[PDB]
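Descriptive analysis of the structure
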Amino acid sequence: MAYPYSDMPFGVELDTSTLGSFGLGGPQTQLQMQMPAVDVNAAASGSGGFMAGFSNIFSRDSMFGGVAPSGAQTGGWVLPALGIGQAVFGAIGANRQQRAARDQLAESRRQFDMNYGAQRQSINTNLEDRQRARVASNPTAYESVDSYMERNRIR
Amino acid sequence: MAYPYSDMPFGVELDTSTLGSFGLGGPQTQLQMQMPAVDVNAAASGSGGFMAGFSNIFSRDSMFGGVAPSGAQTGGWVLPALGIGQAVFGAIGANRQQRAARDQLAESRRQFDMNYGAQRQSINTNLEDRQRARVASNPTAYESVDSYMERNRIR
Amino acid sequence: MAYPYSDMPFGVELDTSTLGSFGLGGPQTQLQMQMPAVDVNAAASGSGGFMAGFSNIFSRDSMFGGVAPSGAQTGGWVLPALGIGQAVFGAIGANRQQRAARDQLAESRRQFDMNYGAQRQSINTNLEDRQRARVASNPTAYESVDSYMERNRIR
Amino acid sequence: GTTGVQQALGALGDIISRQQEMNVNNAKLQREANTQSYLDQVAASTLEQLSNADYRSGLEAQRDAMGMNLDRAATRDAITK
């Protein structure tokens, strides 16, 4: 491409990860970037070529539509905007519910694993202190600590 | 800008936090301001330039609408106001339900963590009172306190 | 055949496994492939024979359809595209739910089997540490370690 | 996450259906307007003009330029009536 710009490192960083992580399915990985220009200057001057400062609609006929006599009505953009917002918010809610379910499941798994770890450490301590008496009473006629720690030791 | 006023410190204080906290999704961070004007004075005199001070509609046609003979009907603002209130209160209820669910989950997490902490303290106490006999009876032939206190100590 | 190419090893690797594994019913088994050509060059030149660089529709009548006077309507492809996307995403959601259920069942399986294994090792340790006394007190009048470890040992 | 997108797509796709129906109604009204606009021309012509077989040739040639965008069942025999 004649104008590579700097999208290659951005694409490299993105890789192929799907939605998830912790930021409602993708956090603010990038950083906030200042406004290109304080004054609108009619969008990007010649490049923009819009009517941001020229249209100045300020008319209900465009926001909410309007019907002249003899039919021939036109619809405003308010209804499409509301529909788009409805769709986006529904998708966000579904993503939130899925994330909450995943959280809950992962949390429960964490509690189970941590409880097992604590119980395992306690059991190992009990075995070690019980075997201490055996290895301190008659070391010659009994086994060593390493044998018990490597053969009858809880993982 | 031409009239900076003092919105910049307010924006800095707001930062970029989303809905939540404790005040039903955004508490009263600011303070209660005083009345702007002693008397109505038709809003802010020339600056306001409103008609509410002289409207005195007191008319059912404006509130609940009305239809003259030969159709040509007009609808009042009461129905749109009721619809807007319905939407706002539905959104508030959804926010309340989400907040209640988050609470409940946080309470469960606190319960489990606190039970684990109490059990860990109890197990550590049992361990050090059990090793007290070992370190007080034959200190030379047995280990020291620190060996267990950072080897066989429950996290 | 005339053009075997290299699809035979790919088919051999595929074998006859059905959906599942971990990648939402089939992971990215293959590897990323670079673009055949940077420039479109009207698809694959003569082989392509498309209007990618020639059509340039950019016309609401194509995307969103259009009706001329006297009926004679034509529908755009936007509605079929939306329907296809809806179907695909519904299927993906169903697959995700099935995978989540399978994962939960497998987690419960692991939970119970792991707990039984822990209790198994604990019981075996208890039995053998009880039997140390029997085999060390009066070996002549009591049984051997092999008998108990092969007859009344925990599976 | 993948279950609510169906409602999103449906709500994105119904609005264009409503727009298409409105376009259909507008097109029908436009056809009616074309028909009436033509009929006014023949209604506002003096008898001597319609008798001469050069004015009516162009008048009904303006009817063959508009295709089926002009109801061709109430604009045929208009001159004779």
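Heads up: these notes are all about the structure in this document.

Definitions and cut-offs
- Residues numbered from 1 in each chain as written, not as in the entry; some residues may be left out.
- Chains lettered and ligands numbered in written order.
- Part of a larger assembly, values for the part shown.
- Heavy atoms only, no water.
- Helix = DSSP H or I, 4+ residues; strand = E, 2+ residues; numbered from the N terminus.
- Rg over C-alpha atoms; globule rule 2.2 N^0.38 Å.
- Buried < 20%, exposed > 50% of the residue type's maximum accessible area, 1.4 Å probe, protein only.
- Contact = heavy atoms within 4.5 Å.
- Areas by Shrake-Rupley, 256 points an atom, 1.4 Å probe, with all protein chains shown as cover.
- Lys, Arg positive; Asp, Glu negative; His and termini not counted.
- Charge placed at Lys NZ, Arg CZ, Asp CG, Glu CD.
- Salt bridge = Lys/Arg side-chain N within 4 Å of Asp/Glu carboxyl O.
- Polar contact = N/O pair within 3.5 Å; in protein donor to acceptor, adjacent residues only side chain to side chain.
- Nonpolar A, V, L, I, M, F, W, Y, C, P; charged D, E, K, R; others polar.
- Buried area = accessible area lost by both parts, 1.4 Å probe.
- Expected span 1.5 Å × (residues − 1).
- Axes fitted to C-alpha atoms, helices over the stretch in contact; angles between N-to-C directions.
- Parallel < 35°, antiparallel > 145°, perpendicular 65-115°, else oblique.
- Patch = residues over 30% accessible without salt bridge, like charges linked within 9 Å, V, L, I, M, F, W, Y side chains within 5 Å.
- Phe/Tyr/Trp six-rings, centres within 6.5 Å; stacked < 30°, edge-to-face > 60°.
- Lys NZ or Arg CZ within 6 Å of the ring centre and 35° of its normal.

Another point: the overall build of chain A. Of regular secondary structure, chain A possesses 5 helices and 2 strands. When the helices and strands of chain A are read in sequence order from the N terminus, they spell out α-α-α-β-β-α-α. In terms of overall size, chain A is more extended than a compact globule, its C-alpha atoms giving a radius of gyration of 34 Å where 155 residues would be expected to give roughly 15 Å. Oriented by its inertia axes, the alpha-carbon framework of chain A measures out at about 110 × 45 × 30 Å. The proportion of buried residues among the 155 residues of chain A is 15%. For chain A, the share of sequence-separated contacts (at least 6 apart) that also reach a separation of at least 24 residues comes to 33%. Carbon and sulfur atoms make up 61% of the accessible area of chain A, which totals about 11900 Å². Between the mean site of the 13 positive side-chain charges and the mean site of the 13 negative ones, chain A shows a separation of 10 Å.

Scanning chain D for helices and strands turns up 3 helices and 0 strands. Over its C-alpha trace chain D gives a radius of gyration of 22 Å, far above what one expects of a compact globule, namely 12 Å for 81 residues. Element-wise, carbon and sulfur atoms account for 50% of the exposed surface of chain D, whose accessible area totals about 5100 Å².

Glancing now at the interface of chain C and chain D. Contact residues are listed per partner, giving 18 residues for chain C and 17 residues for chain D. Counting across the interface, chain C meets chain D through 0 salt bridges. Between chain C and chain D we count 2 residue pairs in polar contact in total. Top contributing element to the side of chain C that touches chain D by residue count: helix 3 (residues 78–137) of chain C, with 10 residues. Looking at the side of chain C that touches chain D residue by residue, the class counts come to 9 nonpolar, 7 polar and 2 charged.

Turning next to the pattern of salt bridges. Across all of its chains, the model carries 11 salt bridges over all chains by this definition. Between D:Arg72 and D:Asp64 there is a salt bridge, with the nearest N and O atoms lying 3.0 Å from each other. For D:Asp64, a relative accessible area of 57% puts it in the exposed group. One continuous salt-bridge network, built from bridges that share partners, spans A:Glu107, A:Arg110 and B:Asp113.

With that settled, consider the interface of chain A and chain B. Facing 13 residues of chain A, the contacting portion of chain B comprises 15 residues. Summed over the three residues of chain A that lose the most area to chain B, namely A:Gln111, A:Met114 and A:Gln121, the buried surface amounts to 33% of that side. On the surface where chain A and chain B come into contact, there are 3 salt bridges. At the junction of chain A with chain B, the criterion picks out 4 residue pairs in polar contact. Classifying every residue of the side of chain A that touches chain B by side-chain character gives 3 nonpolar, 3 polar and 7 charged.

The next thing to look at is helix 5 (residues 78–137) of chain B. Between its terminal C-alpha atoms helix 5 of chain B stretches 88 Å, which fits the 88 Å expected from 60 residues at 1.5 Å a residue. Turning to helix 5 of chain B, its buried residues number three or more, namely B:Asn95, B:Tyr116, B:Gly117, B:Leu127, B:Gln131 and B:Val135. In this structure, the buried side of helix 5 of chain B is in contact with helix 4 (78–137) of chain A together with helix 6 (145–149) of chain B.

Turning to the arrangement of the chains, a few remarks are in order. By number of contacts, the leading pair among the 4 pairs of chains in contact is chains C and D. The least C-alpha distance between chain B and chain C, which are not in contact, is 19 Å. In this assembly chain B lies apart from chain D, the nearest approach of their C-alpha atoms being 17 Å.

A few words now on the packing of helix 4 of chain A against helix 3 of chain C. Where helix 4 of chain A meets helix 3 of chain C, the closest approach of the two axes is 12 Å, and the angle between their N-to-C directions is 10 degrees. The angle between helix 4 of chain A and helix 3 of chain C places the two elements in the roughly parallel class. The segment helix 4 of chain A lies against helix 3 of chain C, with A:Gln98, A:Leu105, A:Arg109, A:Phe112, A:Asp113, A:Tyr116, A:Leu127, A:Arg130 and A:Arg134 engaging C:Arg96, C:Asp103, C:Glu107, C:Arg110, C:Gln111, C:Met114, C:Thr125 and C:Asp129. Residues that form the contact of helix 4 of chain A with helix 3 of chain C fall into these classes: 5 nonpolar, 3 polar and 9 charged.

In this section: unusual backbone geometry. The phi torsion at A:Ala42 lies on the positive side, around 55 degrees, for a residue other than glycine. Along the chain, A:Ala42 turns up in the loop between helix 1 (7–14) and helix 2 (45–48).

Attention now goes to the environment of C:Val145. All names here are of chain C. Counting through the fold element by element, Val-145 comes out in helix 4 (residues 145–151). Of the residues examined, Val-145 reaches a relative accessible area of 40% and is grouped as partly exposed. It is 88 Å that separates the C-alpha atoms of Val-145 and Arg-60, two residues lying 85 residues apart in sequence. Ignoring sequence-local partners within four residues, the contact set of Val-145 consists of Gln-131, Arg-132 and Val-135.

Moving on, we get to a nonpolar patch on the surface. All names here are of chain A. A cluster of nonpolar side chains, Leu-24, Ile-84, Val-88, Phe-89 and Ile-92, forms an exposed patch at the surface whose accessible area comes to about 500 Å². Note on placement: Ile-92 falls in helix 4. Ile-92 gets classed as partly exposed once you look at its relative accessible area, which sits at 39%.

Across all of its chains, the model carries 3 aromatic pairs over all chains by this definition. Residue placement shows B:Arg120 over the ring face of B:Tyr116; its charged tip is 6.0 Å from the ring centre. Its guanidinium or amino end placed over the ring of C:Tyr148, C:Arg151 lies 5.6 Å from that ring's centre, counting from NZ or CZ.

This next bit is on the side chain of D:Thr2. Mapping D:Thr2 onto the fold places it in the segment before helix 1 (5–43). Dropping the residues within four chain positions of it, D:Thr2 is found in contact with A:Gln98, C:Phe89, C:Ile92, C:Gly93 and C:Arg96.

Turning next to the environment of C:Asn115. With respect to the element layout, C:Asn115 can be found in helix 3. Separated by 71 residues in sequence, C:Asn115 and C:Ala44 place their C-alpha atoms 61 Å apart.

Take D:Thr35: it is sitting in helix 1. Not counting residues up to four positions away in its chain, the partners in contact with D:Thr35 are D:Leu70, D:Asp71 and D:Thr75.

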